[PDB]
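Participant: Partial complex here, more coming in a sec:
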Amino acid sequence: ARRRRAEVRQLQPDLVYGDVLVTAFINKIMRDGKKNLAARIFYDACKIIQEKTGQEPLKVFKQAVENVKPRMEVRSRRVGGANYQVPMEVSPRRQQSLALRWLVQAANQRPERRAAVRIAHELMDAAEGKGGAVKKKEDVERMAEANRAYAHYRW
Amino acid sequence: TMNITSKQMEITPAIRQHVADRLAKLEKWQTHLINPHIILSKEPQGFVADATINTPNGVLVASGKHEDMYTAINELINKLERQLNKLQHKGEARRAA
Amino acid sequence: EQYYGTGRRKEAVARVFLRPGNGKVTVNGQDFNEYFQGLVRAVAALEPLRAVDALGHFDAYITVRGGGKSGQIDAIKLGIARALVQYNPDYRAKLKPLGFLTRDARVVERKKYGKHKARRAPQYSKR
Amino acid sequence: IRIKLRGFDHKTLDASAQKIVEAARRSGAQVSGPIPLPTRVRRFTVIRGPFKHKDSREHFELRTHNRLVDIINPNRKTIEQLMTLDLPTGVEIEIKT
Amino acid sequence: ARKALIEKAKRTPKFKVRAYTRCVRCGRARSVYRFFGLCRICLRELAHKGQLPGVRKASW
Amino acid sequence: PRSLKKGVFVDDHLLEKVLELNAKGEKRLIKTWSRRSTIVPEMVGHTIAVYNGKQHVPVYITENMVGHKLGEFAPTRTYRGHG
Amino acid sequence: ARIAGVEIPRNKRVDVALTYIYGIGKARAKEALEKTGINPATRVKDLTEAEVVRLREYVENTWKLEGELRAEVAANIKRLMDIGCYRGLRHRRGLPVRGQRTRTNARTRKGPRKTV
Amino acid sequence: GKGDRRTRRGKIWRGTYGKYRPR
């Protein structure tokens, strides 16, 4: 806003891993304040990535998070009489937000029928290099490299 | 579509068609005239022709008065044209670096 | 012998009684895990003593009234954090920095006329 | 040996519950202190304006405050100076057993 | 047509249903409270003057 | 519809002129404002004028229009379409 | 054309299937399977043929269905439209029948909007 | 959903009772 930079809310760590990042993902899953549902979907998914991939779910989750984080993005700025898609670096706060946002959104694009399944498989593919979530991070990075010429317009 | 209200006053369907034909001058600018609304009224000195129109580039609000109802209608369109032509061209001004 | 705190949150008031023992916890004539059965938020109601190691050291007698489950849960967190301080004054530090001692004032904001809720405003056509 | 007191203003209500507790207290013997029953609130919300302006209101309330007193050890000595009870106008007393 | 209507509301009606409330202060037919017998406009007028026992502006 | 415990409602002032016509060798045309009255079988075969707010409409009662109200047959709104 | 003249879906439970019949809803699905003692959760592909005609028999003899029901509903709308009562007029014009406002909506009875 | 009278949720929405929401 106009007066001051806003203060980033601190999330409570989650009672099943102690992670604030795990909490943020739960919130992004949440619809209509149904946090009990939202928590159950992540933990249900956490078991599914255990059954299909024998290693730490938390490790799978945080690796997929790092994979979807966009390092550069384009942000429009009209110069004269043309809108120039300026390439800007993403602050760590915004990286996290976009990753968790794209993770869920790309997850709910899947064909699998149960939410916990869609959340599980997207995180497995994104722990690797696949998935529509990682595609978004890559597309955004590609479009920022596309416009490196306008990088002096940064603010 | 276009709506016409005759407040505390009765008008004919012919009068309503004249209004629609007169507002048709605004079609010149080839921009969407979104739910245009005209209000004809009667005051002790003359008629008042109000209008509210939204376009993709902004809104138009104008009021016309005159003893003759058609003149008040025409004065309204004149005030509405000057606003539309401002909405359609004001952005072109700050184009040169 | 017996230790007590008063816990409040939103519209829930929880009275908690700490007696030493193996760890059993009962809320309103039910076992803890039965009252909050299927609630993920429950375990946070025992966090103050996990912060001062009294996890299995106490039994818990707990009453509860008003509000809803999670409000009642957060009320417990304050209640048992209240009791551990009267149980030992030096328990404040390493419990107060964990925030567990403060009372959460965030409550339902009143509905105002002209709005649909506290702040949600009616839709209108400025056009 | 019960007395309950109802009034719209709580300042007179509490004073009129003290001058009963105080009364038969020293008059022998036991008086169970004035217990404030929860207040019944009767709400009134109206539009400030006489015509339209639906989104502007003013709230009024009419609170019916309540008090209970138990003159526990009666002794009809007390049941006399209570017959001449100088209570204000705003309060209403009920006597039951 | 109001004065006759103010009198016809007092007159007990040929059927129990035809009975309706009016404002004992101004005759207003709509928004009549039964507790006071007043409309919303008179309710606020008397309350503001202090002539409604107990009634005060409520804020919370 | 009306409770079955209650009766089949007729305004009694309309029911009367039905039976006096029945018990004498009917019929005269009945004018009425009793739109609310049911068309009881004793009426079958008469022609009764129903007030719709403006006109008394001659409505010939037949056998298949009995469990009905008189208003249903003298409609109140004149409407012929638009344009 | 199994039961009753409607080839009800297999793959689905009996209570669910019998709803795919003009005249049989969720309510009458419970009534048919209790009165013939059939597990209401059995797929139509798994009904013993004894069960089928047992289910078929009760259904067709108890209730009016398909054509006879449809002819009757029409006959009632027809008689209302012939005896010239108010509801009949509403069926005459295709307007709504149960007192609803027509200044807006009523699109189910009127159909998609006709421009002017 | 809430607009369906023949379900529990519909009778809750209307504030009524019956076979699909008993009392």
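Facilitator: Thanks, I have the structure now. Numbering: from 1, shown residues only, chains lettered A, B, ... in the order given.

Participant: Only C-alpha atoms from now on, for both contacts and neighbour counts.
Facilitator: Noted.

Participant: pretty sure residue C:1 belongs to a helix, no?
Facilitator: No. Assigned with DSSP: H, G, I helix; E, B strand; the rest coil, residue C:1 falls outside any helix and is coil.

Participant: Spit out the contact partners of it.
Facilitator: For residue C:1, the contacting residues are C:19-20, by Cα atoms under 8 Å, 6 or more residues apart in numbering or on different chains.

Participant: try the one 10 residues further on
Facilitator: Listed by Cα under 8 Å, 6+ apart, the contact partners of residue C:11 are C:66-68, C:71.

Participant: Specify which member of those is nearest to residue D:38.
Facilitator: Proximity of those to residue D:38 (Cα to Cα) peaks at residue C:66, which lies at 16.8 Å.

Participant: burial of the closest residue to that closest one other than its chain neighbours, as a residue count?
Facilitator: Among residues not flanking residue C:66 along the chain, residue C:12 sits closest, at 4.3 Å (Cα to Cα, 6 or more residues apart in numbering or on different chains). Residue C:12: 20 surrounding residues under other Cα atoms under 10 Å in any protein chain shown.

Participant: which residues does residue C:12 bridge with?
Facilitator: Counting by DSSP bridges, residue C:12 is bridged to residue C:9.

Participant: my guess is it meets residue C:78, correct?
Facilitator: No. With contact defined as Cα atoms under 8 Å, residue C:12 does not reach residue C:78; the gap is 11.5 Å.

Participant: about what we covered before: top of the contacts of residue C:11 by neighbour count?
Facilitator: residue C:71 (18 neighbours).

Participant: check contacts around that residue.
Facilitator: Per Cα under 8 Å, 6+ apart, neighbours of residue C:71: C:9-12.

Participant: Looking at the contacts of residue C:11, which one is closest to residue D:78?
Facilitator: So of the contacts of residue C:11, ranked by how close each gets to residue D:78 (Cα to Cα), first place is residue C:66, at 42.1 Å.

Participant: contacting residues around the closest one?
Facilitator: C:11-13, C:72.

Participant: quick revisit: would you mind putting the contacts of residue C:71 into TSV with distance to residue D:23 alongside?
Facilitator: Conversion of the contacts of residue C:71 to TSV gives the following (distance: Cα to Cα, whole Å):
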residue	distance to residue D:23
C:9	42
C:10	42
C:11	39
C:12	40
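
Participant: here's RNA strand I, drop it onto the model above:
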RNA sequence: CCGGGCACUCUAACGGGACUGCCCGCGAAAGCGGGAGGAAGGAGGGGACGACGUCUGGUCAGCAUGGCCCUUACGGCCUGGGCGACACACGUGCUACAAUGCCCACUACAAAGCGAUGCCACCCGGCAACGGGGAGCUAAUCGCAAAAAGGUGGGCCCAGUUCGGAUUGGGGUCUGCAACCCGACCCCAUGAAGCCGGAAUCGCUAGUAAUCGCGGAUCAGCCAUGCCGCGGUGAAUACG
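Facilitator: One more piece, RNA strand I, placed on the ones above:
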């Protein structure tokens, strides 16, 4: 539940409490940033409260009131109709298009209010709306009352469907002198459009938005999906 008690919760009246008062630092000062203590920190959150004036703003139909106009009528009573019409058009909302869902059975956890031709426990009849009995409560006592989302278990398996519940046929209930126009509700059957919406556009910065139910005024009944309130669950983001 009784004995017992007012601890606790509470209820409701009166107090205390926060002042940049204390500390570090910048500053001429006013203040600003950070720290501790503290339930609360820099207006603690929300309310009530709206300057001289503006819109020849709104209301002669709430009321008042100048002036003009009507006087077997532009006054008054009634019955019936209309205010609910329907080729269309716009504004506000409700329910949705489904699996983070729908259905059934079982099991929790509120707040604020209302209630003596009122609120109705409990029993019986009816699939039910409801009806007949009948206790309690001038109500922190008796009652409306069950809160719902949630939790447990079971079904549905991606289909215009066990999504959605419009429309219509038929059968009833209740209020009311009277439910044709023109009431609400229940039951059987019917089971529409709708597969997330063009140009355009609204709200919201935290217990907020979103979502879930509860109450009241008006009120015989109700066309309330409205309005004024009440709590439950409970986010995202603010570089600028």
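
Participant: again for the contacts of residue C:71, RNA strand I present now?
Facilitator: With Cα under 8 Å, 6+ apart, residue C:71 has these contacts: C:9-12.

Participant: tell me which of those residues is nearest to residue B:33?
Facilitator: The nearest one, if we look at the contacts of residue C:71 relative to residue B:33 and count by Cα to Cα, is residue C:10, at 50.9 Å.

Participant: now, which of the contacts of residue C:71 sits nearest residue E:37?
Facilitator: residue C:11 (36.9 Å).

Participant: Phi, psi for the closest one please.
Facilitator: As for residue C:11, its main-chain torsions (degrees, to the nearest 10) stand at phi -110, psi 20.

Participant: Let me know the distance separating it from residue C:60.
Facilitator: Between residue C:11 and residue C:60 the distance is 22 Å, computed by Cα to Cα, to the nearest Å.

Participant: which parts of chain D sit against RNA strand I?
Facilitator: D:10-11, D:14, D:35-45, D:49-52, D:55, D:58, D:65 (Cα under 7 Å from any atom of the strand).

Participant: Near chain E, list only the ones from those.
Facilitator: D:49-50, D:58 (Cα under 8 Å from any Cα of the partner chain).

Participant: Now for residue D:59: which residues touch it?
Facilitator: D:43-46, E:57-59.

Participant: Can you give me the neighbour number for the closest residue to residue A:134 other than its chain neighbours?
Facilitator: Taking Cα to Cα, 6+ apart, and ignoring the residues beside it in sequence, residue A:134 has residue A:68 as its nearest neighbour in space, at 4.9 Å. When counting by other Cα under 10 Å, one arrives at 28 neighbours for residue A:68.

Participant: Work out the gap between the helix ranked longest in chain D and the centre of the chain.
Facilitator: Criterion DSSP state H: the longest helix present in chain D is helix D:10-26. The chain centroid and the centroid of helix D:10-26 are separated by 10 Å under Cα atoms, centre = their mean, to the nearest Å.

Participant: how about the strands in chain A?
Facilitator: A:72-79, A:82-89 (DSSP state E).

Participant: Which secondary structure elements does the first one sit against?
Facilitator: Read it as strand A:72-79. Here strand A:72-79 touches strand A:82-89, helix A:132-146, going by 3 or more Cα pairs under 8 Å, 6 or more residues apart in numbering or on different chains; DSSP states H and E.

Participant: Residue B:94: which of the ones you listed is closest?
Facilitator: strand A:82-89 (11.1 Å).
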